[PDB]
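In the authors' numbering, the protein residues as written are 11 to 76, 79 to 125.
Each residue gets a CB set at the ideal place from its N, CA and C atoms; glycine is no exception.
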Amino acid sequence: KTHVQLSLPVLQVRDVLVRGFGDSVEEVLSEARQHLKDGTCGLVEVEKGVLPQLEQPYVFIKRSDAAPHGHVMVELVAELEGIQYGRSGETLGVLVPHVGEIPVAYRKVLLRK
Numbered sequence: 011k012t013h014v015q016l017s018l019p020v021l022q023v024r025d026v027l028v029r030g031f032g033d034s035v036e037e038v039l040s041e042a043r044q045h046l047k048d049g050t051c052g053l054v055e056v057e058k059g060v061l062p063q064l065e066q067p068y069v070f071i072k073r074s075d076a079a080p081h082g083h084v085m086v087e088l089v090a091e092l093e094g095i096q097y098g099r100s101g102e103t104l105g106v107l108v109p110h111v112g113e114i115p116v117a118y119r120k121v122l123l124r125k
């Protein structure tokens, strides 16, 4: 399937134990896709002061379209020193590894895979 329905646990930035997916744009997109498949991906909602508390490169989910079965259609865009790899809509948040942090909410998305 080109799209996969996921419910991503929303984590508080200060709870996140592993604050990024790796060291290159290509690695973080690779790792983010692997974690999304394995159900070990969390989402941090971007506000003032969030991104400086996480590790670059960043992986964003961005709205790819205007929402089947309550699930917003999204795609992955990486960012490193202010350059984005990918072009998409509004950020729904930043993806991080989930290693058992308690979420505050769930974000229903349809992921272009």
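The region 88-100 makes no contact with the region 109-119: fewer than 3 CB pairs, one atom from each, lie closer than 8 Å. In the DSSP assignment, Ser17 forms a beta bridge with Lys120.
Looking from the CA of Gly59, the closest CA among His83, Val23 and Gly30 belongs to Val23. Using a Cβ distance threshold of 7 Å, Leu122 and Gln15 count as a contacting pair. With respect to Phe31, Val86 sits apart: the two C-beta atoms are not nearer than 7 Å.
DSSP places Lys47 inside the alpha helix (DSSP H), whose first and last residues are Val35 to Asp48.
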